[PDB]
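Undergrad: Quick one: structure below, then a few questions.
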2 protein chains.
Amino acid sequence: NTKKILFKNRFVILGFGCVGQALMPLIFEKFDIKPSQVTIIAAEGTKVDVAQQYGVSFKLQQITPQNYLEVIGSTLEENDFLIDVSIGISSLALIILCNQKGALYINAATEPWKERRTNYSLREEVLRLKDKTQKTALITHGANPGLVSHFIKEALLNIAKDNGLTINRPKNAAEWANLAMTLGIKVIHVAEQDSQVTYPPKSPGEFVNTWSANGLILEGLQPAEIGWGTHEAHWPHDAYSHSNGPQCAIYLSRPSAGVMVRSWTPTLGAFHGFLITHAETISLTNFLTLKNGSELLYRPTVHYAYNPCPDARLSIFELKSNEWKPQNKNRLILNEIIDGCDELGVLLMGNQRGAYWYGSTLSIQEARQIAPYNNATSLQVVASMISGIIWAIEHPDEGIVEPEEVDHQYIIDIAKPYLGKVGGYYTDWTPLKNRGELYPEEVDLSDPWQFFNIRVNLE
Amino acid sequence: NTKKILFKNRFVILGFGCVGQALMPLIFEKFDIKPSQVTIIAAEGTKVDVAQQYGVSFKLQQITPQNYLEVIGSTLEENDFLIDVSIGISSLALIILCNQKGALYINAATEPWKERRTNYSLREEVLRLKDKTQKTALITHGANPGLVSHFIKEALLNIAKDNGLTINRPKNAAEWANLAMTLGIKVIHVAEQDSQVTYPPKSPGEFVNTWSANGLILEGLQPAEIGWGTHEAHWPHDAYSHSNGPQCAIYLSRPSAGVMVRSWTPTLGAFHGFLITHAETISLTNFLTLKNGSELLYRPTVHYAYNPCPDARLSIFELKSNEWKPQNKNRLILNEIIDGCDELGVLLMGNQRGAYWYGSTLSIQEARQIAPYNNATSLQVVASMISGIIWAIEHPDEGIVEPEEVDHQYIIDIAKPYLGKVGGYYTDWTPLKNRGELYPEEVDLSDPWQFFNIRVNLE
Ligand SMILES: NC(=O)c1ccc[n+]([C@@H]2O[C@H](COP(=O)([O-])OP(=O)(O)OC[C@H]3O[C@@H](n4cnc5c(N)ncnc54)[C@H](O)[C@@H]3O)[C@@H](O)[C@H]2O)c1
Ligand SMILES: NC(=O)c1ccc[n+]([C@@H]2O[C@H](COP(=O)([O-])OP(=O)(O)OC[C@H]3O[C@@H](n4cnc5c(N)ncnc54)[C@H](O)[C@@H]3O)[C@@H](O)[C@H]2O)c1
């Protein structure tokens, strides 16, 4: 362990689900810590023996607004680290508490107390505390949101070198936005394709996924969310904006799981992914926005193009089939998967060099030799977190920070050993070619990167 | 073999694909015939040893318009039987030829010479030969079209007894139509749900199905075909009719594989099937039509509500994903399926007793103990054919006949031992209940059996 980071404090992880269990291995792999320096608090037990294998204390308790101050508060000392991988617990409340205790904090997503509140408010509510806390609190730092932000910056620089351009690594958001515009980026996709298959096959009455079934279901139930790029010359018939909501975002009536978009992945290529909504859509869009003051000049279109594992495809199909009524049973496929991989990455379109995709292609085989209690999907998420956790430790006083404010190279260099083959790929693909002729869909030959061409319109 | 039918002639089967191979077992199971009394002609060989196991001659040859008269003609003697289970060969041409040779004939679907010609013309072209040939030629007599017609008549009678009504088994079409109307049948669905799963999982780049991948693909590519019932009070926005085409049919712009309809099956229940087009839609509709002369009085809505095996679901998904470009590879799942069943049947809606579903629920396990080279799907198709073949032998001089003109009880009693559990099921289900509320779809509370409520409208 020549790279084993020394840690004299303790790790308090609340929640022990899909993410939490998969994190365990990476913590003891990167830290020369004792199991006694780790404690877990969760509301529901588990049929898994992860905690027992590592010998980490596990407390069965439900965290509420009435007891979190005492239960969680009495567990954090100055310099401790609260790894938040729970659901239904106020990130805002936990963040403030950590600051008071002088403890570090991280999460893979901003969450409110268990009770439909917009994903916008939740972020602004906690973001409007930038200059209030001192201790570092890294938010929404998972594979995506999270790692994805670091992939965009990496790609932005690679495309620059491949264009002959030679500049300095940008610092502020404005410079990053400027580099995006100078490169002709009209649209950025978070293009992922999960090909993990399993055995035995799927059974009726259950939602099967490589990660939280409820997370996917909830996201697919909400209306399509899209960062509107300044190049867009067409307005979706079923689209609408919020006068007071985010100025950069546009929404669609239909549920995100009911909207398909044309994207691209290196391993399989052109495909139709679900335009599943996400948090880092508005944050990334604004991060790459440009203006002279109160007049926007540039802004790319940003949204998710997801294609889950075949089992999750069958699940969504069954979900709609049940009139959007979620199956009475959920299942996380881990050991049952026998083959496949997860291609998570970002697609930047617009530059003359051609569409560019930079990301991680991790197979289940490599993921299993790298760490237990992990599949291709989970491993990419915890790889990002363990990196973010290490970042916060050597930068404990940065206040509330988002992945966009973190140096991509630092994170990528730590996570890379956990992401299988990672790199960029150029392609001459566009949503305008390989088109069919059975049913001619109206297209805009003028600019292939128009949402009008990407969205799969039934009519 | 106390029920082994004696046959002194020969069986000429052209084509040896999904259906043909699966038929072999049933022929030697129901006939005390010698293998020398069987001959097979097909264009493509096979990696299967079905012919070799039974010791039946196999001739590798492509049948064309220029050689069919000699190749096929020299193989048929008076009273012989040509089992047509090929593709791309003119049924009309084969039918006439058989008559000239005084040989019997049967097929599971009407086909033209290999070359997009409407399914309507093909039927009328051959149907306009009713009083021209003497020898019996049973057409479109597979599971569906075919067995399905016999299930409708069976259900029609069962609902009558369950209604207290006591009449005589109707003969002509008018009487059958009349019974349908007197029973309040507003809509009839061919509701099927294939749950056969497999191992190993599906691979990218291939269309996997329990039956012909190309058959499903072709059907899903054509526009939705629907028998318009007289009760329908709503007109689909994307619908249209053919002034000269079939008066009872209505079409939809979108491809059939792009239209979902709400139906019901006993084993799983309410589901969303693909409104895949078929042949027996127009024939059944007219068969249940009523009028005083030139003014229609009654006619139910008739269409298919199909839900293929999960692998075929993933296949269709990938098909659309490839812009309707069929995968470069096709695969028929037979031995790889490990569990599941095929629920093929008909749903009659409108009667006060409630929706009624009568059909066959055959599992892969029962199908394997019943016959080799068969899965749940194939077995239901060949069960119908072997029954139809037996029918034609004792009725060799009936001319061109359709399954609607055949006594359902005769067929059902022969096939029943091949269909697993077969029977009727009542249900209080309607496309109006168990509805969701996330996205309220406009419905007509006045009459749940309105196509307006059954078709899953995205908006
Ligand atoms: N950025 C990414 O790539 C990414 C990927 C996956 C998940 N996530 C985020 O990670 C999360 C972590 O959850 P997960 O996916 O493992 O879900 P999960 O539902 O599998 O586990 C959540 C755990 O939190 C606990 N929790 C819920 N209520 C609690 C309560 N009252 N008291 C104490 N603990 C409670 C549960 O008991 C459970 O063990 C979510 O917030 C999700 O949005 C981010
Ligand atoms: N009613 C039903 O439930 C039902 C179900 C399935 C299939 N069918 C019908 O059955 C059919 C039989 O085909 P299948 O599904 O086995 O398809 P298939 O493609 O698997 O096999 C068809 C066979 O026909 C042969 N054929 C094609 N061209 C030929 C030529 N030029 N000369 C000689 N033979 C030729 C092929 O070589 C092949 O072996 C189709 O017509 C289909 O519509 C009906």
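Quick note on naming: the chains in the structure tokens go A, B, ... in the order shown, residues restart at 1 in each chain, and ligands are numbered from 1 in order of appearance.
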Counting only C-alpha atoms, collect the residues of chain A whose closest atom lies at most 6 Å from chain B, and write them out as a list in words.
TA: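 Per the criterion, chain A yields residues 271, 272, 321, 323, 435 and 436 of chain A.
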Undergrad: If you count only C-alpha atoms and all ligand atoms, which residues end up within 9 Å of ligand 2, as an NGL selection string?
TA: :B and (14-22 or 41-46 or 60-64 or 68 or 84-89 or 107-111 or 113-114 or 140-148 or 211-215 or 332 or 377-378 or 380-382 or 384-385)
Undergrad: Grab the residues selected above and save them as a PDB file, in the first residue's frame with C-alpha atoms.
TA:
ATOM      1  CA  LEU B  14     -42.324 -27.544 -49.344  1.00  0.00           C
ATOM      2  CA  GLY B  15     -40.322 -25.361 -47.024  1.00  0.00           C
ATOM      3  CA  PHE B  16     -38.566 -26.587 -43.885  1.00  0.00           C
ATOM      4  CA  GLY B  17     -38.231 -23.647 -41.523  1.00  0.00           C
ATOM      5  CA  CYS B  18     -39.704 -22.873 -38.105  1.00  0.00           C
ATOM      6  CA  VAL B  19     -43.116 -24.393 -38.895  1.00  0.00           C
ATOM      7  CA  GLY B  20     -42.059 -27.247 -41.185  1.00  0.00           C
ATOM      8  CA  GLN B  21     -39.520 -28.723 -38.777  1.00  0.00           C
ATOM      9  CA  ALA B  22     -41.971 -28.470 -35.895  1.00  0.00           C
ATOM     10  CA  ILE B  41     -38.365 -29.476 -50.787  1.00  0.00           C
ATOM     11  CA  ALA B  42     -36.678 -26.298 -49.507  1.00  0.00           C
ATOM     12  CA  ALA B  43     -34.306 -23.614 -50.813  1.00  0.00           C
ATOM     13  CA  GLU B  44     -31.993 -23.401 -47.811  1.00  0.00           C
ATOM     14  CA  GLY B  45     -30.529 -26.290 -45.872  1.00  0.00           C
ATOM     15  CA  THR B  46     -30.565 -26.424 -42.090  1.00  0.00           C
ATOM     16  CA  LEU B  60     -32.444 -28.733 -51.820  1.00  0.00           C
ATOM     17  CA  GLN B  61     -34.082 -26.604 -54.503  1.00  0.00           C
ATOM     18  CA  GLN B  62     -35.381 -23.101 -55.100  1.00  0.00           C
ATOM     19  CA  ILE B  63     -38.962 -23.051 -56.416  1.00  0.00           C
ATOM     20  CA  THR B  64     -39.550 -20.413 -59.053  1.00  0.00           C
ATOM     21  CA  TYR B  68     -42.696 -24.948 -60.074  1.00  0.00           C
ATOM     22  CA  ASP B  84     -47.299 -25.531 -47.840  1.00  0.00           C
ATOM     23  CA  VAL B  85     -45.087 -24.069 -45.123  1.00  0.00           C
ATOM     24  CA  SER B  86     -42.806 -21.968 -47.359  1.00  0.00           C
ATOM     25  CA  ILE B  87     -42.326 -18.284 -48.036  1.00  0.00           C
ATOM     26  CA  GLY B  88     -42.028 -16.314 -51.270  1.00  0.00           C
ATOM     27  CA  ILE B  89     -43.981 -18.895 -53.305  1.00  0.00           C
ATOM     28  CA  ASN B 107     -50.997 -23.457 -45.741  1.00  0.00           C
ATOM     29  CA  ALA B 108     -50.527 -21.334 -42.655  1.00  0.00           C
ATOM     30  CA  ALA B 109     -50.578 -18.111 -44.715  1.00  0.00           C
ATOM     31  CA  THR B 110     -51.267 -16.821 -48.235  1.00  0.00           C
ATOM     32  CA  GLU B 111     -48.064 -15.776 -49.994  1.00  0.00           C
ATOM     33  CA  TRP B 113     -44.002 -14.947 -55.544  1.00  0.00           C
ATOM     34  CA  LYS B 114     -40.784 -13.523 -54.068  1.00  0.00           C
ATOM     35  CA  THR B 140     -54.325 -19.536 -43.491  1.00  0.00           C
ATOM     36  CA  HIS B 141     -54.874 -22.364 -41.037  1.00  0.00           C
ATOM     37  CA  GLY B 142     -52.184 -21.901 -38.401  1.00  0.00           C
ATOM     38  CA  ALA B 143     -52.503 -20.780 -34.784  1.00  0.00           C
ATOM     39  CA  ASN B 144     -53.402 -17.275 -35.948  1.00  0.00           C
ATOM     40  CA  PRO B 145     -54.769 -16.913 -38.474  1.00  0.00           C
ATOM     41  CA  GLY B 146     -56.457 -20.270 -37.960  1.00  0.00           C
ATOM     42  CA  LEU B 147     -56.977 -21.686 -34.504  1.00  0.00           C
ATOM     43  CA  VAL B 148     -58.028 -18.185 -33.447  1.00  0.00           C
ATOM     44  CA  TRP B 211     -40.930 -17.856 -34.267  1.00  0.00           C
ATOM     45  CA  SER B 212     -39.798 -16.314 -37.551  1.00  0.00           C
ATOM     46  CA  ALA B 213     -37.962 -13.076 -36.840  1.00  0.00           C
ATOM     47  CA  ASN B 214     -38.702 -11.795 -40.359  1.00  0.00           C
ATOM     48  CA  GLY B 215     -42.395 -12.549 -40.002  1.00  0.00           C
ATOM     49  CA  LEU B 332     -35.009 -18.617 -33.425  1.00  0.00           C
ATOM     50  CA  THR B 377     -45.259 -21.042 -29.836  1.00  0.00           C
ATOM     51  CA  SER B 378     -44.417 -23.471 -32.626  1.00  0.00           C
ATOM     52  CA  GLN B 380     -49.599 -24.211 -31.020  1.00  0.00           C
ATOM     53  CA  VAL B 381     -49.129 -23.532 -34.729  1.00  0.00           C
ATOM     54  CA  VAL B 382     -48.487 -27.093 -35.856  1.00  0.00           C
ATOM     55  CA  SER B 384     -53.668 -26.400 -35.662  1.00  0.00           C
ATOM     56  CA  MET B 385     -52.124 -27.496 -38.952  1.00  0.00           C
TER      57      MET B 385
END
Undergrad: Would you pick out the contacts of residue 154 of chain B at 10 Å or less, using only C-alpha atoms, so that residues sharing its chain but fewer than 6 positions from it are not included, and give the list as a PyMOL selection string?
TA: chain B and resi 148+160+358-359+408-409+412+423-424
Undergrad: Using C-alpha atoms, can you export the residues from the last selection as a compact mmCIF listing (two decimals), in the first residue's frame?
TA:
# COMPACT_ATOMS: atom_id res chain seq x y z
CA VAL B 148 -58.03 -18.19 -33.45
CA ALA B 160 -74.28 -17.95 -24.67
CA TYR B 358 -60.81 -18.22 -24.38
CA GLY B 359 -57.56 -19.75 -25.58
CA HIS B 408 -64.51 -25.43 -34.66
CA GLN B 409 -65.28 -28.44 -32.41
CA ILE B 412 -60.37 -28.01 -31.28
CA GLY B 423 -60.56 -22.79 -21.59
CA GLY B 424 -62.49 -19.58 -20.95
Undergrad: Rank A:26, A:454, A:94, A:50 by their smallest atom-to-atom distance to residue 232 of chain A, using only C-alpha atoms, and report the top residue only.
TA: A:454
Undergrad: Could you pull out all residues of segment 236-349 of chain A with a DSSP call of strand (DSSP E or B) and give them as number ranges by chain?
TA: A: 239-240, 249-255, 260-263, 271-274, 290-291, 296-298, 301-307, 329-332, 337-339, 341-349
Undergrad: Nearest residue to ligand 1 out of A:300, A:383, A:257, A:151, using only C-alpha atoms and all ligand atoms?
TA: A:383
Undergrad: Pick out the residues sitting within 9 Å of residue 191 of chain B, and hand them over as an MDAnalysis selection string; count only C-alpha atoms, and ignore anything fewer than 4 positions along from it in its own chain.
TA: chainID B and resid 263:265 273 304:307 343:347 357 359
Undergrad: Give me a file of those residues, with N, CA and C atoms, as a PDB file, in the first residue's frame.
TA:
ATOM      1  N   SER B 263     -55.085  -4.653 -23.521  1.00  0.00           N
ATOM      2  CA  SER B 263     -55.838  -5.888 -23.614  1.00  0.00           C
ATOM      3  C   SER B 263     -55.707  -6.705 -22.324  1.00  0.00           C
ATOM      4  N   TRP B 264     -56.124  -7.966 -22.359  1.00  0.00           N
ATOM      5  CA  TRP B 264     -56.075  -8.785 -21.157  1.00  0.00           C
ATOM      6  C   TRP B 264     -55.785 -10.250 -21.430  1.00  0.00           C
ATOM      7  N   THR B 265     -55.071 -10.871 -20.497  1.00  0.00           N
ATOM      8  CA  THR B 265     -54.702 -12.276 -20.594  1.00  0.00           C
ATOM      9  C   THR B 265     -54.927 -12.877 -19.197  1.00  0.00           C
ATOM     10  N   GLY B 273     -50.211  -4.586 -25.406  1.00  0.00           N
ATOM     11  CA  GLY B 273     -49.652  -5.334 -26.518  1.00  0.00           C
ATOM     12  C   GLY B 273     -49.447  -4.480 -27.760  1.00  0.00           C
ATOM     13  N   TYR B 304     -55.331  -7.243 -33.433  1.00  0.00           N
ATOM     14  CA  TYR B 304     -54.372  -8.023 -32.663  1.00  0.00           C
ATOM     15  C   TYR B 304     -53.737  -7.187 -31.527  1.00  0.00           C
ATOM     16  N   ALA B 305     -53.559  -7.805 -30.359  1.00  0.00           N
ATOM     17  CA  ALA B 305     -52.935  -7.175 -29.184  1.00  0.00           C
ATOM     18  C   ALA B 305     -51.838  -8.163 -28.774  1.00  0.00           C
ATOM     19  N   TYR B 306     -50.678  -8.029 -29.403  1.00  0.00           N
ATOM     20  CA  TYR B 306     -49.548  -8.933 -29.192  1.00  0.00           C
ATOM     21  C   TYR B 306     -48.447  -8.449 -28.268  1.00  0.00           C
ATOM     22  N   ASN B 307     -47.961  -9.364 -27.442  1.00  0.00           N
ATOM     23  CA  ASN B 307     -46.866  -9.072 -26.534  1.00  0.00           C
ATOM     24  C   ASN B 307     -45.951 -10.278 -26.690  1.00  0.00           C
ATOM     25  N   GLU B 343     -49.423 -17.699 -24.125  1.00  0.00           N
ATOM     26  CA  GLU B 343     -50.869 -17.608 -23.945  1.00  0.00           C
ATOM     27  C   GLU B 343     -51.521 -17.006 -25.160  1.00  0.00           C
ATOM     28  N   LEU B 344     -51.991 -17.862 -26.054  1.00  0.00           N
ATOM     29  CA  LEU B 344     -52.651 -17.413 -27.267  1.00  0.00           C
ATOM     30  C   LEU B 344     -54.153 -17.599 -27.110  1.00  0.00           C
ATOM     31  N   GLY B 345     -54.921 -16.559 -27.412  1.00  0.00           N
ATOM     32  CA  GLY B 345     -56.359 -16.666 -27.288  1.00  0.00           C
ATOM     33  C   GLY B 345     -57.087 -15.443 -27.803  1.00  0.00           C
ATOM     34  N   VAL B 346     -58.406 -15.441 -27.640  1.00  0.00           N
ATOM     35  CA  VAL B 346     -59.243 -14.337 -28.085  1.00  0.00           C
ATOM     36  C   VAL B 346     -60.046 -13.729 -26.949  1.00  0.00           C
ATOM     37  N   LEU B 347     -60.107 -12.408 -26.939  1.00  0.00           N
ATOM     38  CA  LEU B 347     -60.823 -11.692 -25.910  1.00  0.00           C
ATOM     39  C   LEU B 347     -62.079 -11.081 -26.502  1.00  0.00           C
ATOM     40  N   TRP B 357     -62.130 -14.359 -22.097  1.00  0.00           N
ATOM     41  CA  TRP B 357     -60.937 -14.767 -22.831  1.00  0.00           C
ATOM     42  C   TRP B 357     -60.910 -16.280 -22.926  1.00  0.00           C
ATOM     43  N   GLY B 359     -58.752 -19.436 -24.815  1.00  0.00           N
ATOM     44  CA  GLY B 359     -57.559 -19.753 -25.576  1.00  0.00           C
ATOM     45  C   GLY B 359     -56.670 -20.835 -24.990  1.00  0.00           C
TER      46      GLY B 359
END
Undergrad: Would you mind reading off the distance between atom CA of residue 389 of chain B and atom CA of residue 155 of chain B, one decimal, in Å?
TA: 23.4 Å
Undergrad: If you count only C-alpha atoms, which residues fall within 12 Å of residue 34 of chain A, apart from same-chain ones fewer than 4 positions away, as a ChimeraX atom specification?
TA: /A:6-11,27-30,38-39,54-57
